[PDB]
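S.K.: Can you read through this structure? Questions will come right after.
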Amino acid sequence: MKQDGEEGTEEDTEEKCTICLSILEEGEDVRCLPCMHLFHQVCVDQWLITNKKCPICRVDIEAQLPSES
Ligand SMILES: [Zn+2]
Ligand SMILES: [Zn+2]
């Protein structure tokens, strides 16, 4: 069908899925975690269920870090 790529500077914060190792295209309801990383909403919503630790940073995020309601 179609493909896309990247354009910008990216150090180590917001680039591609790393929980699953895939991509994050804009337009979907993705999620950002405060552990300087973002992944598919489902991916975080599973990695915090079956696990409890930042995929890259490996510090236990414990959840409830950012405000929720
Ligand atoms: Zn993912
Ligand atoms: Zn992180």
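We place every Cβ from the backbone using ideal geometry, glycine too, and count neighbours over all the protein chains shown. Throughout, read-outs are computed from the coordinates displayed, never taken from laboratory work.
S.K.: Any residue in the stretch 1-21 that is polar (S, T, N, Q) sitting within a Cβ distance under 9 Å of a residue that is assigned to a loop (DSSP other than H, G, I, E, B)? List the pairs, counting only those 6 or more apart or interchain.
M.R.: Between residues of the stretch 1-21 that are polar (S, T, N, Q) and residues that are assigned to a loop (DSSP other than H, G, I, E, B), the close pairs are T13/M36; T18/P55; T18/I56.
S.K.: If the requirement is being among the polar types (S, T, N, Q) and more than 9 Å from ligand 1 (Cβ to nearest atom), which of these qualifies: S22, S69?
M.R.: Details: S22 fails: more than 9 Å from ligand 1 (Cβ to nearest atom).
The match here is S69.
S.K.: Moving to a separate point now. Based on what the data block shows, is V59 among the aliphatic types (A, V, I, L, M) and either more than 14 Å from the chain's Cα centre (by Cα) or in a loop (DSSP other than H, G, I, E, B) (or both)?
M.R.: Numbers: among the aliphatic types (A, V, I, L, M): yes; either more than 14 Å from the chain's Cα centre (by Cα) or in a loop (DSSP other than H, G, I, E, B) (or both): yes.
Spelling it out, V59 is indeed among the aliphatic types (A, V, I, L, M) and either more than 14 Å from the chain's Cα centre (by Cα) or in a loop (DSSP other than H, G, I, E, B) (or both).
S.K.: Please go through the stretch 44-65 and give me each residue that is loosely packed, with under 10 Cβ neighbours inside 10 Å and either among the acidic types (D, E) or away from ligand 2 (no atom under 11 Å from the Cβ) (or both), ordered by number.
M.R.: Our first condition is that a residue be loosely packed, with under 10 Cβ neighbours inside 10 Å; within the stretch 44-65, this holds for 49-50, 58-59, 62, 64.
Answer for the stretch 44-65, where residues must be loosely packed, with under 10 Cβ neighbours inside 10 Å and either among the acidic types (D, E) or away from ligand 2 (no atom under 11 Å from the Cβ) (or both): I49, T50, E62, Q64.
S.K.: Give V30, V59 a once-over and let me know the one that is β-branched (V, I, T) and free of Cβ contacts under 8 Å to residues at least 24 places away in the same chain.
M.R.: Numbers: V59 fails: free of Cβ contacts under 8 Å to residues at least 24 places away in the same chain.
After applying the criteria, what remains is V30.
S.K.: Of the residues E15, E7, which single one is in a loop (DSSP other than H, G, I, E, B), surrounded by 14 or more Cβ atoms within 10 Å (Cβ to Cβ) and not hydrophobic (A, V, I, L, M, F, W, C)? Step through it out loud before you land on a result.
M.R.: Working: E7 fails: surrounded by 14 or more Cβ atoms within 10 Å (Cβ to Cβ).
Just one listed residue meets the conditions, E15.
S.K.: Further question on the same structure: Restricted to the stretch 33-43, and to residues that are free of Cβ contacts under 8 Å to residues at least 24 places away in the same chain and hydrophobic (A, V, I, L, M, F, W, C), which residue is surrounded by the most Cβ atoms within 10 Å (Cβ to Cβ)? Spell out the reasoning first.
M.R.: Here is the first cut: in the stretch 33-43, the residues free of Cβ contacts under 8 Å to residues at least 24 places away in the same chain are 39-42.
After this cut, where a residue has to be hydrophobic (A, V, I, L, M, F, W, C) as well, the list is 39, 42.
On the way: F39: 23, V42: 14.
Per the stated criteria, the residue is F39.
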